[PDB]
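S.K.: I have a structure I would like to understand better, so I am pasting it below and will then ask my questions one at a time.
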Amino acid sequence: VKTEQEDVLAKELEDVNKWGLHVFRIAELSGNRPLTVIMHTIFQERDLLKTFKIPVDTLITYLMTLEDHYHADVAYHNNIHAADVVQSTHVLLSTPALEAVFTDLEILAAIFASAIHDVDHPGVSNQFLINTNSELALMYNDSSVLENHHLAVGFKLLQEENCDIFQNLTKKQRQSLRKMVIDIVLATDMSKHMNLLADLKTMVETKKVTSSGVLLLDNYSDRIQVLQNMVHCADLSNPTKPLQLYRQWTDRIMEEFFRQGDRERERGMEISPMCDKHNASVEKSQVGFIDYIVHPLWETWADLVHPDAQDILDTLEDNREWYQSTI
Ligand SMILES: C=COC(=O)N1CCc2c(sc(NC(=O)Cc3cccs3)c2C(=O)OC2CCCC2)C1
Ligand SMILES: [Zn+2]
Ligand SMILES: [Zn+2]
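Dropping the structure here:
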């Protein structure tokens, strides 16, 4: 049946539930369809198609349309980053401390929010978009420009021919899913980070647990804050991956940043915070970024789900000392 390529692909996909799936191999084996194949795999794996009556050809058609609205000419914020965050969100949902906590609708909404979360990303920043006085910035009034755009595009794509994967959800299911997907994606904006991180801490502070090992989340605010933190954790999971992956990701985001620095030079604009080709030390930037943003976030999350995130925290801590070695 399968081509031998499909077979090689299938064996790699046997790792979808493991942290550090080789997402870059999967992109190669798949003809640059990492997003399509990982989503499909997860959806079958989690039985999402039957539970929500999603016709499989519609699912495929939409996945492929979604992936083609990621830019192949963008080093980091592309389909592979999309697939990576989706699969990471998928692993985090399986964490033992959230066993049987979230409904299928909420799972569906977290995975879907991951898949569309950066779609149509240009490879430059909100501030850049605001400074260039770009259309996108005028539309969204300089407020969460890219993140508002990813949502509008992710949803509009469901209207293309044979693309409505939510065609069989009730109005009720659709309105709740939508709101969940909008809260999750707007929370990927980095300027929400501290606020998001603070609530997580407060969650951990006042943390309750009941009847067997399972977190007690009994109102919307609490349930959505967790999902929001989960996906935002997945968005910032590169330095917790095995170093081979992490280094490939660091390569890509640095390429994107310098290329924006270039576009800022090519327009007299002033330079971005360490987007400086020629003048910015990657090794240092990684270390501070871990100590100030990535470690605190993941340290809290580890707290929340203690101790299922131990190896994760540990890898991050190693990758951090490894970047220090590089002075
Ligand atoms: C103090 C707040 O600053 C702040 O949030 N930003 C500046 C730095 C930075 C992001 S996102 C990101 N990277 C990721 O979202 C995913 C990763 C890809 C490879 C490692 S991590 C980096 C970064 O990693 O590097 C920067 C730090 C200073 C120079 C660039 C946004
Ligand atoms: Zn983003
Ligand atoms: Zn992202």
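Each number in UniProt numbering corresponds to the 1-based position in the sequence shown with 385 added. In this text, a Cβ means the ideal position worked out from N, Cα and C, and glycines have one as well.
#1: How far does the alpha helix (DSSP H) with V611 in it reach, from first residue to last?
#2: CB-CB under 8 Å to residue 724, same chain, minus the five flanking residues each way: which ones, in chain order?
#3: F437 to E640, Cα distance in whole Å?
#4: I'd like the list of long-range same chain contacts for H617, defined as Cβ closer than 7 Å, with 5 residues on each side in sequence excluded.
#5: From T474 to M565, what distance separates their C-alpha atoms?
#6: State the start and end residues of the unbroken alpha helix (DSSP H) segment that holds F513.
#7: Roughly how many whole angstroms lie between the Cα atoms of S622 and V470?
#8: Rank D647, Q671, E668, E651 by C-alpha distance to the C-alpha of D661 and give the top, closest one.
#9: Measure the beta-carbon distance from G539 to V459 and round it to whole angstroms, keeping in mind my assumption that it falls under 8 Å.
#10: Locate the alpha helix (DSSP H) running through residue 779, then write down its first and last residues.
#11: Considering only heavy atoms of ligand 3 and the C-beta of each residue, which residues fall inside 5 Å, strictly closer?
#12: Where does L600 fall in DSSP's three states?
#13: Cutting at 8 Å between CB atoms, please list the residues of its own chain near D549, excluding the five before and the five after it.
#14: Since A619 and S499 should fall inside the 8 Å C-beta cutoff, what is the C-beta to C-beta distance between them, to a whole number of angstroms?
#15: Measure the C-alpha to C-alpha separation of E399 and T426 and round it to an integer number of angstroms.
#16: Between which two residues does the alpha helix (DSSP H) harbouring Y447 extend?
#17: Suppose you measure from the CA of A522 to the CA of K396; what does that come to, to the nearest Å?
#18: Among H454, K403, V386, which one has its Cα closest to the Cα of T421?
#19: For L406, which residues from the same chain have a beta carbon less than 6 Å from its beta carbon, with the 5 sequence-adjacent residues on both sides left out?
#20: What residues match up with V594 in a beta bridge as DSSP calls it?
#21: So is the beta-carbon of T595 under 7 Å away from any non-hydrogen atom of ligand 2?
#22: Look at the alpha carbon of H691 and the alpha carbon of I678, and state the distance between them as a whole number of angstroms.
#23: Can you give me the Cβ contacts of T625 inside the same chain, cut-off strictly under 6 Å, excluding the 5 residues immediately before and after it?
#24: I need the residues with a C-beta less than 5 Å from some heavy atom of ligand 1; please give them in chain order.
#25: So is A485 buried or exposed if we call it buried at 16+ other beta carbons inside 10 Å?
#26: The alpha helix (DSSP H) with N526 in it runs from where to where?
#27: Which of the three DSSP states is assigned to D647 in this structure?
#28: Can you give me the C-alpha to C-alpha distance between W634 and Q429, rounded to a whole angstrom?
M.R.: Working from what's here:
#1: The residue labelled residue 611 in the question sits at position 226 within the sequence shown. Segment 605-620, the alpha helix (DSSP H) holding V611.
#2: In the structure displayed, the chain extends from 386 to 712; residue 724 sits before or after that span and is not available.
#3: Here residue 437 is taken as the residue at index 52 of the sequence shown, counted from 1. Here residue 640 is taken as the residue at index 255 of the sequence shown, counted from 1. Cα-Cα distance, rounded: 40 Å.
#4: Numbered from 1 along the sequence shown, position 232 holds the residue referred to as residue 617. Answer for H617: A572, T573, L581, listed in chain order.
#5: In the sequence shown, counting from the first residue as 1, residue 474 sits at position 89. In the sequence shown, counting from the first residue as 1, residue 565 sits at position 180. Taking the straight line from one Cα to the other gives about 15 Å.
#6: Counting from one through the sequence shown, the residue named residue 513 turns up at place 128. 511-516 is the extent of the alpha helix (DSSP H) around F513.
#7: The sequence position of residue 622 within the sequence shown is 237, counting from 1. The sequence position of residue 470 within the sequence shown is 85, counting from 1. Rounded to whole angstroms, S622 to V470 spans 8 Å at the Cα level.
#8: Residue numbering aside, residue 661 sits at position 276 when the sequence shown is read from its first letter. Measuring from the Cα of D661, the nearest candidate turns out to be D647.
#9: As a working mapping, residue 539 is identified with position 154 in the sequence shown. As a working mapping, residue 459 is identified with position 74 in the sequence shown. Rounded, the Cβ-Cβ distance is 17 Å, inconsistent with contact.
#10: With the chain covering only 386 through 712, there is no way to say anything about residue 779.
#11: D503, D620
#12: Reading the sequence shown from its first residue, position 215 is the one you call residue 600. Note: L600 maps to strand in three-state DSSP.
#13: Here residue 549 refers to the residue found at position 164 when the sequence shown is read from its first residue. Closer than 8 Å at Cβ, skipping near neighbours: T443, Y447, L543.
#14: Working through the sequence shown from its first residue, we reach residue 619 at position 234. Working through the sequence shown from its first residue, we reach residue 499 at position 114. With 8 Å as the limit, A619 and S499 qualify as a contact, their Cβ atoms being about 6 Å apart.
#15: The residue given as residue 399 occupies position 14 in the sequence shown. The residue given as residue 426 occupies position 41 in the sequence shown. Roughly 9 Å between the two C-alpha positions.
#16: As a working note, residue 447 is residue 62 in the sequence shown. Run containing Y447: 441-453, per the alpha helix (DSSP H) assignment.
#17: Position 137 of the sequence shown, counting from 1, holds the residue named residue 522. Position 11 of the sequence shown, counting from 1, holds the residue named residue 396. When rounded, the distance between both Cα atoms is 43 Å.
#18: To locate residue 421, count along the sequence shown from 1; it is residue 36. Comparing Cα-Cα distances from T421 to each of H454, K403, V386, the minimum goes to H454.
#19: Residue numbering aside, residue 406 sits at position 21 when the sequence shown is read from its first letter. Correct list, in chain order: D400, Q472.
#20: As a first step, residue 594 is located in the sequence shown; it is residue number 209 there, counting from the start. Answer is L600.
#21: Numbered from its first residue, the sequence shown carries residue 595 at position 210. Because no heavy atom of ligand 2 lies under 7 Å away, the Cβ of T595 does not count as near it: no.
#22: For the purposes of this step, residue 691 is identified with residue 306 of the sequence shown, where counting begins at 1. For the purposes of this step, residue 678 is identified with residue 293 of the sequence shown, where counting begins at 1. About 20 Å.
#23: For the purposes of this step, residue 625 is taken as the residue at position 240 of the sequence shown. Counting only Cβ-Cβ distances below 6 Å, and skipping sequence neighbours, we find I697, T700, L701.
#24: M575, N623, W634, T635, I638, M659, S670, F674
#25: What you label residue 485 is simply residue 100 of the sequence shown in a count that begins at 1. Its Cβ having fewer than 16 others within 10 Å, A485 is exposed.
#26: Position 141 of the sequence shown, counting from 1, holds the residue named residue 526. Neither: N526 is in no alpha helix (DSSP H) and is coded neither H nor E.
#27: In the sequence shown, the residue the question calls residue 647 occupies position 262. Here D647 sits in helix by DSSP.
#28: Locating residue 634 in the sequence shown gives position 249, where the first residue counts as 1. Locating residue 429 in the sequence shown gives position 44, where the first residue counts as 1. Going by the C-alpha atoms only, they are around 28 Å apart.
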